[PDB]
Amino acid sequence: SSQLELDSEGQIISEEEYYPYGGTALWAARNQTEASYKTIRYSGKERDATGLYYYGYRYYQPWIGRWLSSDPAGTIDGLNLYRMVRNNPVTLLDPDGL
């Protein structure tokens, strides 16, 4: 999860922290425009303007800790095709949405 951004000389552009399931709980910057250009924040995946995180093979709803669609890989991570990283978001990460 992208927490700090630094410019060419190690000065803080932004500061972020997340709720364990993706939600953004702290968001700070040195300029309201300079901050609008940070795109990826949680688990190295893009939070679109829609609010969904784009993981690759699926989109993710951080506000209910739940995938937007059933796993295409099927029963690869259990019988629950909507569960998020075995409900262990602080320890585990999903690389591509499967």
# chains A, B, ... in the order shown; residues from 1 in each chain; ligands from 1

$ residues_around --residues "residue 17 of chain A" --least-positions-apart "6" --cutoff "9 Å" --atoms "only C-alpha atoms" --output "number ranges by chain"
A: 1-4, 23-27, 41-42

$ closest_atom_pairs --of "segment 61-92 of chain A" --to "segment 48-55 of chain A" --cutoff "9 Å" --atoms "only C-alpha atoms" --output "JSON lines"
{"residue": "A:61", "atom": "CA", "partner": "A:52", "partner_atom": "CA", "distance": 5.3}
{"residue": "A:62", "atom": "CA", "partner": "A:52", "partner_atom": "CA", "distance": 7.1}
{"residue": "A:68", "atom": "CA", "partner": "A:52", "partner_atom": "CA", "distance": 8.5}

$ write_last_selection --atoms "C-alpha atoms" --output "mmCIF file, in the first residue's frame"
data_model
loop_
_atom_site.group_PDB
_atom_site.id
_atom_site.type_symbol
_atom_site.label_atom_id
_atom_site.label_comp_id
_atom_site.auth_asym_id
_atom_site.auth_seq_id
_atom_site.Cartn_x
_atom_site.Cartn_y
_atom_site.Cartn_z
ATOM 1 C CA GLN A 61 -15.072 -2.658 -3.298
ATOM 2 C CA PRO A 62 -12.904 -1.532 -0.337
ATOM 3 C CA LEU A 68 -17.394 -6.810 -7.425
#

$ residues_around --residues "segment 80-91 of chain A" --least-positions-apart "6" --cutoff "7 Å" --atoms "only C-alpha atoms" --output "JSON, numbers by chain"
{"A": [20, 21, 65, 66, 67, 69, 70, 71, 74]}

$ write_last_selection --atoms "N, CA and C atoms" --output "short mmCIF file (atom, residue, chain, number, x, y, z; two decimals), in the first residue's frame"
data_model
loop_
_atom_site.label_atom_id
_atom_site.label_comp_id
_atom_site.auth_asym_id
_atom_site.auth_seq_id
_atom_site.Cartn_x
_atom_site.Cartn_y
_atom_site.Cartn_z
N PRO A 20 -7.92 -1.44 7.00
CA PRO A 20 -7.31 -2.71 6.58
C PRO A 20 -7.86 -3.28 5.29
N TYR A 21 -9.13 -3.03 4.98
CA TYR A 21 -9.76 -3.60 3.79
C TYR A 21 -9.73 -2.67 2.58
N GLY A 65 -15.17 -4.65 1.80
CA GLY A 65 -14.16 -5.69 1.72
C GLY A 65 -14.58 -6.85 0.85
N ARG A 66 -15.03 -6.55 -0.37
CA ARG A 66 -15.69 -7.55 -1.19
C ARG A 66 -15.44 -7.28 -2.66
N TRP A 67 -15.20 -8.35 -3.42
CA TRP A 67 -14.99 -8.22 -4.85
C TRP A 67 -16.31 -7.93 -5.56
N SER A 69 -17.29 -9.07 -8.39
CA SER A 69 -17.77 -10.16 -9.22
C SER A 69 -17.12 -11.46 -8.74
N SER A 70 -17.71 -12.57 -9.16
CA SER A 70 -17.23 -13.88 -8.74
C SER A 70 -15.87 -14.18 -9.36
N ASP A 71 -15.03 -14.87 -8.59
CA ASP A 71 -13.69 -15.21 -9.03
C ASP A 71 -13.73 -15.97 -10.35
N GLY A 74 -12.42 -19.41 -10.01
CA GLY A 74 -13.29 -20.39 -9.37
C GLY A 74 -12.85 -20.70 -7.96
#

$ select_by_dssp --residues "segment 39-82 of chain A" --states "strand (DSSP E)" --output "mmCIF file with N, CA and C atoms, in the first residue's frame"
data_model
loop_
_atom_site.group_PDB
_atom_site.id
_atom_site.type_symbol
_atom_site.label_atom_id
_atom_site.label_comp_id
_atom_site.auth_asym_id
_atom_site.auth_seq_id
_atom_site.Cartn_x
_atom_site.Cartn_y
_atom_site.Cartn_z
ATOM 1 N N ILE A 40 -2.218 5.175 -7.542
ATOM 2 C CA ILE A 40 -2.233 3.872 -6.892
ATOM 3 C C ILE A 40 -1.980 4.070 -5.408
ATOM 4 N N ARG A 41 -2.763 3.384 -4.571
ATOM 5 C CA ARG A 41 -2.687 3.617 -3.135
ATOM 6 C C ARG A 41 -2.661 2.323 -2.322
ATOM 7 N N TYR A 42 -3.647 1.450 -2.500
ATOM 8 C CA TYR A 42 -3.773 0.240 -1.690
ATOM 9 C C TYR A 42 -3.317 -0.971 -2.492
ATOM 10 N N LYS A 45 -2.703 -1.145 -6.360
ATOM 11 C CA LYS A 45 -3.736 -1.214 -7.382
ATOM 12 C C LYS A 45 -4.460 0.123 -7.444
ATOM 13 N N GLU A 46 -4.964 0.456 -8.629
ATOM 14 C CA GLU A 46 -5.522 1.780 -8.860
ATOM 15 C C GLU A 46 -6.914 1.899 -8.258
ATOM 16 N N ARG A 47 -7.128 2.962 -7.489
ATOM 17 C CA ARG A 47 -8.470 3.365 -7.088
ATOM 18 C C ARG A 47 -8.998 4.283 -8.182
ATOM 19 N N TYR A 53 -11.264 -0.316 -6.661
ATOM 20 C CA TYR A 53 -9.873 -0.624 -6.956
ATOM 21 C C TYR A 53 -9.819 -1.613 -8.115
ATOM 22 N N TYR A 54 -9.009 -1.304 -9.125
ATOM 23 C CA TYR A 54 -8.821 -2.205 -10.258
ATOM 24 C C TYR A 54 -7.630 -3.109 -9.968
ATOM 25 N N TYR A 59 -12.584 -6.040 -10.180
ATOM 26 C CA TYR A 59 -12.631 -4.779 -9.456
ATOM 27 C C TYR A 59 -13.067 -5.030 -8.016
ATOM 28 N N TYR A 60 -12.561 -4.202 -7.105
ATOM 29 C CA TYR A 60 -12.681 -4.438 -5.674
ATOM 30 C C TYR A 60 -13.407 -3.285 -4.994
ATOM 31 N N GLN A 61 -14.320 -3.631 -4.079
ATOM 32 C CA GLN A 61 -15.072 -2.658 -3.298
ATOM 33 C C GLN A 61 -14.449 -2.554 -1.910
ATOM 34 N N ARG A 66 -15.028 -6.552 -0.369
ATOM 35 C CA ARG A 66 -15.690 -7.553 -1.188
ATOM 36 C C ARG A 66 -15.435 -7.279 -2.662
ATOM 37 N N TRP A 67 -15.204 -8.349 -3.417
ATOM 38 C CA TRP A 67 -14.993 -8.223 -4.849
ATOM 39 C C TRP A 67 -16.311 -7.932 -5.555
#

$ atom_distance --atom1 "atom CA of residue 58 of chain A" --atom2 "atom CA of residue 28 of chain A"
28.4 Å
